[PDB]
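Note sheet for the following structure.
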Amino acid sequence: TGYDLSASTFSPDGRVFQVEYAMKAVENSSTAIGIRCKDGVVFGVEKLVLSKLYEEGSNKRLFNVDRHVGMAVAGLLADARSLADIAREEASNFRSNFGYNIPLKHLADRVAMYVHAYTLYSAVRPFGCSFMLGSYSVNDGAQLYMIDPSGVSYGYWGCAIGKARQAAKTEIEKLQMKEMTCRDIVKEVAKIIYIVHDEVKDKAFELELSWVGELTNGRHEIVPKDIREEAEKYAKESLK
Amino acid sequence: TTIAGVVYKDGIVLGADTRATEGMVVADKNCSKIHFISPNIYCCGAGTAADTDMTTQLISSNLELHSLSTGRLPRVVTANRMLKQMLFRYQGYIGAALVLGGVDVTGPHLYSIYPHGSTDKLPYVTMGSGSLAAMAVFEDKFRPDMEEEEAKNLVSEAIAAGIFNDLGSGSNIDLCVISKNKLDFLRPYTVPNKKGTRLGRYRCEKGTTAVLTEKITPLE
Amino acid sequence: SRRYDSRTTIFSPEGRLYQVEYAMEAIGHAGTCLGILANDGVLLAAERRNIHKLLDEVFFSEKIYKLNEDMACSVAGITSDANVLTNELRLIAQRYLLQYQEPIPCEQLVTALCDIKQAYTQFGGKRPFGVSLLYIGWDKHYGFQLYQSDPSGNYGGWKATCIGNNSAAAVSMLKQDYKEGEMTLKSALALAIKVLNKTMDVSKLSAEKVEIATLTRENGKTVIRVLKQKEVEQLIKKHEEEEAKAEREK
Amino acid sequence: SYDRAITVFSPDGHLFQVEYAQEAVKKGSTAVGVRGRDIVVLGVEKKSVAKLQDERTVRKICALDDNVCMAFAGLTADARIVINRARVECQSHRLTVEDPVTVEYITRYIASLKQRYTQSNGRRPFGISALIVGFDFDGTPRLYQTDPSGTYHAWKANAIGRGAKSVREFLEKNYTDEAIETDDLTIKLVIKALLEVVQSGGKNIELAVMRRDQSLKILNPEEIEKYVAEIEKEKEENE
Amino acid sequence: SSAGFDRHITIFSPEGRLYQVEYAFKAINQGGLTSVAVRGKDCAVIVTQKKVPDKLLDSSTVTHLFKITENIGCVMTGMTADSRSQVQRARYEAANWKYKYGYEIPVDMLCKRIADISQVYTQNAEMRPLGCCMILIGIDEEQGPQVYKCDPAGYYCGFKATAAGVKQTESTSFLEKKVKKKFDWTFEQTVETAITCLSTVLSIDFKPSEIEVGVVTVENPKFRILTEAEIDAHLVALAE
Amino acid sequence: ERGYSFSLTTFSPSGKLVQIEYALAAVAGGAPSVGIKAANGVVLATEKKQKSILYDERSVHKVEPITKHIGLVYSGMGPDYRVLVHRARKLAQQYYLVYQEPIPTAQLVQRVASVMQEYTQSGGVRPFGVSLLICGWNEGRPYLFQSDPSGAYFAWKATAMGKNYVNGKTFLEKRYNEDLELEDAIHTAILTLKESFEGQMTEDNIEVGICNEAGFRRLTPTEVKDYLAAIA
Amino acid sequence: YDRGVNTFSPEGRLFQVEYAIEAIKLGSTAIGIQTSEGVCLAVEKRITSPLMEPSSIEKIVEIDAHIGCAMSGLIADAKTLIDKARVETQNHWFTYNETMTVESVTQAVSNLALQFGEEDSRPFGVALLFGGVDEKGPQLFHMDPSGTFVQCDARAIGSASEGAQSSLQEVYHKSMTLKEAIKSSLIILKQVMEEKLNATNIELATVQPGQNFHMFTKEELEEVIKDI
Amino acid sequence: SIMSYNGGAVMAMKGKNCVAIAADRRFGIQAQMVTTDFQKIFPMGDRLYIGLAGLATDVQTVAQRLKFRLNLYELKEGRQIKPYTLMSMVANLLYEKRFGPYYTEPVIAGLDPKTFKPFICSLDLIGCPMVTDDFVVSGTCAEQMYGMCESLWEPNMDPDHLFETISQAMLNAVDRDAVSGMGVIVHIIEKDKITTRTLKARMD
């Protein structure tokens, strides 16, 4: 051994294990999925009720970076909201210097170069978080990006991060996200995260949904209660 | 101080006088004002004579560094861009008025650089104290695409207008002709003014000066 | 980052420190320099090492370095580390002359350099210098002086010392043939060619294999003279004439 | 900048880089000092001369002011930079408070310089021990010593260096009140002390006394040749 | 062959080698990718493949071809996180050439500045030396087209035909038999001889959805990326 | 970020700096190169073989000029060479801005070798893996110097660096004398590079640069073909 | 093999803070007793040699006119903490024109006690008692190398610490007088030290509400010893 | 002004194969002499001198900064300094204080060491070198020295007539100045020997 202690050393076959070890820490966080509809992006996070003593609305794994940009995280939660602070701060420097709202192909570029910068030195560790960025503009449409702890970003029609990643994105491609608007998506977002996480592992869990598009007039916010109650009404019909 | 430049049909002719006047007393009778920058680019200097020396050596050091790294010929727009970026940084405390001219791959190019950092490409420029006198010769008798015999006759005529009309100017006229293949730097192009001959013999002999103490020390 | 640190500053559990003793181990090999004085004048006898037949033989000296206008030094050890020290105390003497308008005394030039040399053995996590070197010179306070530096940072005044490869054999013979204040600058030269006759294993004493420089006090000059290769070999054979005389007659 | 903790604790409560530096003191040459009621007398032994060196550049007894002398052991390269930092401080005391430096003050400066230097980043501790000797104002002769950990400590008679336990055991069975009776009789205690050490039979010893109003006055090897005669002459007749 | 920490940081082996760099050359090979660049008589062509394993991924955001300046394009191999960081430097260094010197940077001077930066990573024993490669193309006045490669060791050279990636040695053996028979090269022949390089090494015989081609020519010096429709025009003409 | 600030080059218990001894192993595995001065100028000749026919040989150069009258070749590893070239290009300028004079060749080697010694003691760096040969004709007489990764330097009449350098130095010892012209030293520099090259020594497998009192310059492959012709 | 200086144990405490707790078990023992009449506070000296001057060493040292101190463990680095306490009591007098309370002196020192690291280098290996009379009467505090301080009533610190605390819990009560608290402490020190008890091996100091910090000397001290 | 605070005058003049330099001896504060032996010409190697005139602080300051940089040059290189090289060295030293300038005007005169050819130049207070072929002057009484030298200089002069010309040039001009005088020292150098003479001037 000895070839895997620092992030400054390659292996004798040419790969870095400190990044791969931090990628393994993501699959112990639960599940965060997000797909984009024809005219907007819908996030979705199932939230484990660890004990009864916590309060409904605690420790949200679903942030709010800018007025139109949303973030759903998966990983070590202290590093999640630390990456959320620099992304919230990066968009403020764009509007102050250039005058207008930051686009997603630039925002996820500036954040991923900040994540990549900790995969080079021995003085710092790689982050233990993977997360998704989605938004809607009236001149660019809906956007959906995703960033690993190594620093690689791509566009997606729908993605999934958490424990059951392949077992979640198997059913995403059963949908048709090219033509559905962001109303019937909300019922289909919830349904594919009820079929995952058998009740042997967890007793009870919490649904948390997010929502952006021109139906929300460009601003990012949470779903209302009645709409996610319709999805929770559309929960127990997967037993047939 | 009177410096001038022109662009003829093939290259660039630069001209200057040779006088440095400290106060109202002539300090130097043969001060060279046309400087080396590259084997294709020269510059004339005006204003503070110490500021123009230490500036024209800094840029010529960097272009020798730049061209030896790239392995090809320098360009005139590079020497323009290095000069006006550093003169703007010193906010005009460095008094340096320069006429920049050279023949790169793109052709002949003539610039004039002011000591706050403002530049301009022009077909003919004059700088210096007697520049207004030299402008009137250019303004009356310029024609585009002249031959180099007509150009050299024009510039020496314009520098002579700054000789016989300005107090702080006037000695042997320098010239330099830069073309695509020839560099003719030549300092005594003409002698318009001489010194008169002495008449009275003032000659002293050995022993006409009283000495208190003398010392002799040999060397080898 | 603390796994790669080699800790070139700490003590050893027996009390001493290992890093400068490895340097003074390397100061034994690779070079031979010696000095001598008893009267008006002082000399540096040094032996050249690279005697290959393809070299230009320039720069007026090989291991002799003029430091001040009235003192010089001979160096031993890593030659690349030597070039940094030699142009470091060269301007210690000049910043003295800027400050006082007087040439520097020969002793407190040595103490100034040996404090810079001591600091690397003491903090910074830094490789010390494997360089020991001699010092000749003149000043108005004590006249002709002779010093010796060590890589630990401690100096000392001497009368005749060698830092060669067989330096212990040279010192053992310098305190077998010596006289306090009577060795003029011809008997010392004959004694110098006698000592490096012994310590140089390459016999017959090639005149191009050694270098000798003398510092004599002329009234306002303090002439530092590197004597040329035309007067070495006549001093070589002069040692050779007397040894065949002394062996046969005994 | 090299930032690394050199001196750290042991798992049982020691500072190893400190007590390793105390063994570098424990093989330097022996320095002995006693105090008389009017004249202090301290003298190192083991000059270890090789008769081809300048005798003045090898000295280990220097002066910090006119009144304060200092001897040491350990390794010499660390010594003469602590001394030069003490010369600045005792000179800067005079630009302040007008009197010359009390001998207790200059020991607190050396000891506090030596402690915080076992505390900083990237620095091995000093490897010297000292004896600070002076007769201060109002003529009270006293001495001190300094451990490499930085504990200043006064004494009536002491000895450091190679072979310091045997000399310290020798002094307690020998230090009477009438041993410091005469200024020449206190010297006969020191010459009897270092002769009970590494040999140094008049040829490797250098005593240096101070008579509370002079500077240091080293006796040349003629009175030590005289004193070691008569110190052994009294030993010749009694036994 | 090893002594000390020469396996871990960038110091010398007893044989004179240094292993952290030659570990990093085979970090390029973990991408599973191969790119080909061919210089013509009056043009320069980069061809490379793209492998999109998902239907849920946006196929317009996986381009390894990048536009550095208006007249300079490049292709990136190796791992993605280090390659996109190195493009960000090359965009920055070209803009400072124009601001300091007033004209467009030559493509060999840009490759020198990248290789000088990459030299410093294998020169200090702290940083990890960026395991990804670099191939540039461009039109230079009084030089025509020219192609350059920069490796993570700090070495660079001008080529006439270039391969990089997993199948590097098999591609260069194909091209060196092609160039030494010394046929003249038009525009379309350099497009034909570059596609048939990685079509015979990889043995694919593909449809136009898996490769991407950038080009520069001295009639339009703008670096331009070919549409899939006009990729198909060269492809059906390749099958005579 | 920051650095390491500790030397990773220490003394062995046998008293040898081991990392410098390993850097000389990388120098000895480089391309062979010879340098000869003879009474009116210096000849620097190296050996440059591309690995395949795909490489453009007119793109990089082994022989580099430093100023009007100083050239410089190497035998070591590639990317370390271009660093201390750009360093030595700059050092010749700060001498010129002070003194208004082209730098002597001796004073350049005073300052280039001071960089290499400074770089083998400072914190967190491995030493260079190149050795140099520096030519030039200052004040009539020519000069030929060789540095090393340790930071020392020498004054050679003729020497060889690279692979089989111990065979070239025996070959030059039986060849070189005091009295040769520049065109004779060119002919014996090709004759000593033929000891270690492959079978084809064409006009582009080698690279030759000369000094005169007219200044340093580098030969084009036209007359290099004429020197390679009628050789050996 | 070599950890850093700033590493947690698997049991979670630290390494070098816990090692410095062991270092004060080598120091000389010291006893302080809080009494409503005033704070008495004693120590031994551990005289090594007959040639040694006895009064040059000290363990009791004063911080201000109404606050005394007592040190144990190492000594050379105790003088750094004493100097920071003396400056702190004078900055509080300069800016507020009053006397700093005994508790607020201790937390001004205890914030300094755990500040080592690798930026801006080891914890201090001393242990301190702070006896003083502020406006809440007589006080007695005890700090740690860990920087944890708590008010004590009869605290015994040194090599004989746990042996003395057991013999001190049996004789202390809340209604002592100062004349018997001084006598009760020297009974404990007579047991635990090596050499015999006299007027040179030990020294005391008491602080009163009426008068200021007073340190006993070798004339008024032995009347306690001969009347033990 | 500032240059008129202490006075001073330095003249250099070129001959056939020889060059001479001269300066006054007065040290004073605006009206009041202090001494008549103030050194203003300093030796910089054999056959190469420098003259300084201006503020009395910077005369002694530049002459010690320059000697600091000169000995480092002549030890790092094995040769003596050329007269043209020192002109670039002094001009570098003054231009570093572009905004904190030294109030002095140096005059450099000496022979080139290999080919014994004379060299003269002068510099302003911020380092503009001006080489001539006949004479350079510096100090307060500059204009009086131009009327001497333009009227008396001959092109090719032996060291006897070179001495008599520069003597009459100094004695007549400095007598017309008020803040300069009290004696004139003359150094005349040549390839074989060197000569220091002091003249019989007005102590008035």
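Scheme for the structure tokens: letters A, B, ... for chains in order shown; per-chain residue numbers from 1; ligand numbers from 1 in order shown.
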
For this session: Identify, on the basis of only C-alpha atoms, every residue whose closest approach to residue 118 (chain F) does not exceed 9 Å; exclude the query and any residue fewer than 6 positions from it along the same chain; express the result as JSON, numbers by chain.
Result: {"C": [81, 84], "F": [151]}

Those residues you just picked out, can you put them in a file as a PDB file, in the first residue's frame with N, CA and C atoms?
ATOM      1  N   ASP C  81      28.344  24.620  -3.598  1.00  0.00           N
ATOM      2  CA  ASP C  81      28.013  25.312  -2.356  1.00  0.00           C
ATOM      3  C   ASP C  81      29.045  26.376  -2.024  1.00  0.00           C
ATOM      4  N   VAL C  84      28.406  30.058  -3.537  1.00  0.00           N
ATOM      5  CA  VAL C  84      27.415  30.899  -2.885  1.00  0.00           C
ATOM      6  C   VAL C  84      28.006  31.580  -1.664  1.00  0.00           C
TER       7      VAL C  84
ATOM      8  N   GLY F 151      25.652  22.235  -9.932  1.00  0.00           N
ATOM      9  CA  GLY F 151      25.912  23.661  -9.894  1.00  0.00           C
ATOM     10  C   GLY F 151      27.354  24.045 -10.124  1.00  0.00           C
TER      11      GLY F 151
END

For this session: Please determine the contact residues of chain C with respect to chain F at a cut-off of 12 Å, counting only C-alpha atoms, and supply them as a count of residues only.
Result: 53

Exercise. What are the DSSP alpha helix (DSSP H) residues of region 17-217 of chain G, as a PyMOL selection string?
Worked result: chain G and resi 17-23+78-96+102-110+161-169+178-192

Exercise. So how many Å separate CA of residue 142 (chain F) and CA of residue 92 (chain F), to one decimal?
Worked result: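 These two atoms are separated by 17.9 Å.
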
Just the residues within 8 Å of region 166-176 of chain G, please, counting only C-alpha atoms, with nothing from its chain fewer than 3 positions along; format it as a compact mmCIF listing (two decimals) with C-alpha atoms, in the first residue's frame.
# COMPACT_ATOMS: atom_id res chain seq x y z
CA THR G 35 -10.78 29.69 54.42
CA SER G 36 -13.33 32.47 54.99
CA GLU G 37 -10.68 34.29 57.03
CA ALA G 154 -8.57 22.57 49.40
CA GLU G 162 -3.57 12.16 45.34
CA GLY G 163 -1.90 11.10 48.58
CA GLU G 180 -5.35 26.48 62.12
CA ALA G 181 -5.45 26.14 58.33
CA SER G 184 -3.11 21.83 59.10
CA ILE G 188 0.37 17.24 55.43

Exercise. Counting only C-alpha atoms, what is within 8 Å of residue 199 (chain G), bar same-chain residues fewer than 4 positions away, as a VMD selection string?
Worked result: chain G and resid 203 218 221 to 222 225

Kindly export the residues of the current selection with C-alpha atoms, as a short mmCIF file (atom, residue, chain, number, x, y, z; two decimals), in the first residue's frame.
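Written output follows (result16.cif):
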data_model
loop_
_atom_site.label_atom_id
_atom_site.label_comp_id
_atom_site.auth_asym_id
_atom_site.auth_seq_id
_atom_site.Cartn_x
_atom_site.Cartn_y
_atom_site.Cartn_z
CA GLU G 203 7.61 28.70 52.12
CA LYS G 218 12.26 32.67 57.50
CA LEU G 221 7.71 31.01 59.73
CA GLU G 222 9.45 28.72 62.22
CA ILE G 225 7.17 24.74 62.92
#

Exercise. Could you list, as a ChimeraX atom specification, every residue of chain F that has an atom within 10 Å of an atom of chain B, counting only C-alpha atoms?
Worked result: /F:64-68,85-86,89-90,92-94,96-97,100

Problem set entry | For region 124-134 of chain E: contacts at 9 Å, only C-alpha atoms, fewer than 4 positions along chain excluded, given as a ChimeraX atom specification | /A:7-10,14,119-122 /C:1 /E:9-11,20-21,23-28,74-80,82-83,86,111,118-120,148-153,164-165 /F:3-4,124-126

Select all residues from chain F having any atom no more than 8 Å from an atom of chain H (counting only C-alpha atoms, ignoring ligands), output as a PDB file with N, CA and C atoms, in the first residue's frame.
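Wrote it out as iface-v9.pdb, contents follow:
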ATOM      1  N   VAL F  98      21.948  47.238 -17.180  1.00  0.00           N
ATOM      2  CA  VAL F  98      22.775  47.938 -16.213  1.00  0.00           C
ATOM      3  C   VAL F  98      23.996  48.497 -16.918  1.00  0.00           C
ATOM      4  N   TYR F  99      24.664  47.658 -17.699  1.00  0.00           N
ATOM      5  CA  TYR F  99      26.000  47.973 -18.170  1.00  0.00           C
ATOM      6  C   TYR F  99      26.055  48.425 -19.618  1.00  0.00           C
ATOM      7  N   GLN F 100      24.967  48.245 -20.381  1.00  0.00           N
ATOM      8  CA  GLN F 100      24.892  48.567 -21.813  1.00  0.00           C
ATOM      9  C   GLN F 100      25.997  47.875 -22.601  1.00  0.00           C
ATOM     10  N   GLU F 101      26.093  46.560 -22.438  1.00  0.00           N
ATOM     11  CA  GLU F 101      27.169  45.787 -23.000  1.00  0.00           C
ATOM     12  C   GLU F 101      26.700  44.346 -23.084  1.00  0.00           C
ATOM     13  N   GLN F 107      30.610  35.307 -17.201  1.00  0.00           N
ATOM     14  CA  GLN F 107      29.674  35.832 -16.219  1.00  0.00           C
ATOM     15  C   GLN F 107      28.277  35.262 -16.379  1.00  0.00           C
TER      16      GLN F 107
END

Exercise. Quick one: residues within 10 Å of residue 40 (chain G), only C-alpha atoms counted, chain neighbours fewer than 3 positions away excluded, as a ChimeraX atom specification?
Worked result: /G:31-35,37,68,131-132,138,140,154,178-179,181-182,185,204-208,215

Exercise. Which residue gives the smallest distance to residue 35 (chain F) among F:220, F:205, F:164, F:192, with only C-alpha atoms counted?
Worked result: F:192

For residue 201 (chain E), list every protein, DNA or RNA residue within 8 Å, evaluated using only C-alpha atoms, and leave out those in the same chain fewer than 3 positions away; present the list as a PDB file with N, CA, C and O atoms, in the first residue's frame.
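To be explicit, this is the file written out as out.pdb:
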ATOM      1  N   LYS E 167      -5.654   3.658 -28.426  1.00  0.00           N
ATOM      2  CA  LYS E 167      -5.167   2.957 -29.610  1.00  0.00           C
ATOM      3  C   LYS E 167      -4.136   3.778 -30.361  1.00  0.00           C
ATOM      4  O   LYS E 167      -4.159   3.851 -31.591  1.00  0.00           O
ATOM      5  N   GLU E 170      -1.370   1.707 -32.636  1.00  0.00           N
ATOM      6  CA  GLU E 170      -1.952   1.078 -33.812  1.00  0.00           C
ATOM      7  C   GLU E 170      -2.366   2.105 -34.849  1.00  0.00           C
ATOM      8  O   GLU E 170      -2.331   1.820 -36.050  1.00  0.00           O
ATOM      9  N   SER E 171      -2.751   3.298 -34.407  1.00  0.00           N
ATOM     10  CA  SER E 171      -3.152   4.332 -35.346  1.00  0.00           C
ATOM     11  C   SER E 171      -1.949   4.948 -36.043  1.00  0.00           C
ATOM     12  O   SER E 171      -1.988   5.181 -37.255  1.00  0.00           O
ATOM     13  N   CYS E 197      -8.661   6.053 -40.573  1.00  0.00           N
ATOM     14  CA  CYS E 197      -7.669   5.662 -39.582  1.00  0.00           C
ATOM     15  C   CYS E 197      -8.329   4.945 -38.415  1.00  0.00           C
ATOM     16  O   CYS E 197      -8.048   3.773 -38.151  1.00  0.00           O
ATOM     17  N   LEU E 198      -9.236   5.621 -37.720  1.00  0.00           N
ATOM     18  CA  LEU E 198      -9.874   5.029 -36.556  1.00  0.00           C
ATOM     19  C   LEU E 198     -11.070   4.159 -36.916  1.00  0.00           C
ATOM     20  O   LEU E 198     -11.708   3.605 -36.019  1.00  0.00           O
TER      21      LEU E 198
END

Problem set entry | Residue list (strand (DSSP E), DSSP) for region 26-199 of chain C, as a ChimeraX atom specification | /C:33-36,42-47,64-66,71-77,131-139,143-148,156-157,160-162

Write down, as a PDB file with N, CA, C and O atoms, in the first residue's frame, each residue of chain D that has any atom within 12 Å of an atom of chain F, counting only C-alpha atoms.
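Output file iface-v6.pdb follows:
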ATOM      1  N   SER D   1       8.518  29.510   4.935  1.00  0.00           N
ATOM      2  CA  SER D   1       8.688  29.350   6.372  1.00  0.00           C
ATOM      3  C   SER D   1       8.436  27.910   6.796  1.00  0.00           C
ATOM      4  O   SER D   1       7.449  27.297   6.405  1.00  0.00           O
ATOM      5  N   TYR D   2       9.344  27.381   7.607  1.00  0.00           N
ATOM      6  CA  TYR D   2       9.288  25.989   8.032  1.00  0.00           C
ATOM      7  C   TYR D   2       8.520  25.902   9.338  1.00  0.00           C
ATOM      8  O   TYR D   2       9.022  26.301  10.391  1.00  0.00           O
ATOM      9  N   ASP D   3       7.309  25.382   9.273  1.00  0.00           N
ATOM     10  CA  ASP D   3       6.426  25.297  10.426  1.00  0.00           C
ATOM     11  C   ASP D   3       6.286  23.829  10.788  1.00  0.00           C
ATOM     12  O   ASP D   3       5.560  23.084  10.125  1.00  0.00           O
ATOM     13  N   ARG D   4       6.988  23.414  11.836  1.00  0.00           N
ATOM     14  CA  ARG D   4       6.885  22.042  12.309  1.00  0.00           C
ATOM     15  C   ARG D   4       7.227  22.017  13.786  1.00  0.00           C
ATOM     16  O   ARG D   4       8.223  22.612  14.201  1.00  0.00           O
ATOM     17  N   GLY D 122       9.763  24.684  14.409  1.00  0.00           N
ATOM     18  CA  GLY D 122      10.902  24.402  13.560  1.00  0.00           C
ATOM     19  C   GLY D 122      12.239  24.821  14.121  1.00  0.00           C
ATOM     20  O   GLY D 122      13.066  25.363  13.384  1.00  0.00           O
TER      21      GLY D 122
END

Exercise. If you measure from CA of residue 23 (chain H) to CA of residue 38 (chain H), what distance in Å do you get, rounded to one decimal?
Worked result: 10.1 Å

For this session: Could you please tell me, as a PyMOL selection string, which residues of chain B have an atom within 10 Å of chain E when using only C-alpha atoms?
Result: chain B and resi 66+69-70+75-82+85
